[PDB]
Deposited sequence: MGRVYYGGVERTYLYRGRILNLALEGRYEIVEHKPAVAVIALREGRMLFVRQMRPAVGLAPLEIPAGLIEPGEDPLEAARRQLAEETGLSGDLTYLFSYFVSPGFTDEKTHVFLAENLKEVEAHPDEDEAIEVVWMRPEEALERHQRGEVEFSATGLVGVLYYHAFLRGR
């Protein structure tokens, strides 16, 4: 386990033949209101475009997933709600340890008028159609939100 780089959002290390990227864990929040899902978009230099995602972000030191979820939702959209843990997933276990904890948010209320991040309320059916037509791209969190909705929220 040798480190070739210790950065801000990640560290690059080696374990023999394997290249490993250590990354802070993350959270994502699925929120539905009047049939529309709460998506967000922002410039992502790593991909060169703005995919459709859901409120998400890194878990800061001292925070547990639930607290981080509350914060990301408030900071990115200015909303608060009753959160319920759903499940988690490793974004790409073949090279990184980033683990994402997904929550469901209900009974949304605005806690701050002042939420870089574009808030995009959109019916999940519409998001899926636009993607199938090649009009928009998805981040893992956005796709998970869309699939979760079709599976358990209709």
item: Deposited-sequence stretches lacking C-alpha coordinates, listed in sequence order; value: 1-10, 126-129, 169-170
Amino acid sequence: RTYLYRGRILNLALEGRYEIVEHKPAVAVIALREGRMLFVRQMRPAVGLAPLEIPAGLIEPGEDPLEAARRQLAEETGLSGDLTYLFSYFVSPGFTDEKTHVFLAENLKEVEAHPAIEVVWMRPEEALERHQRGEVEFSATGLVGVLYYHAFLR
From here on, numbers count along this sequence of modelled residues.
| property | result |
| --- | --- |
| Higher-B stretch (mean Cα B-factor, as the entry records it), 5-13 or 131-139 | 5-13 |
| Of 44-52 and 92-100, the one with larger mean CA B-factor | 44-52 |
| Member of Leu38, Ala28, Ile117, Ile59 with the greatest C-alpha B factor (per the PDB record) | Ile117 |
| Member of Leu32, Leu86, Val111, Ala68 with the greatest C-alpha B factor (per the PDB record) | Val111 |
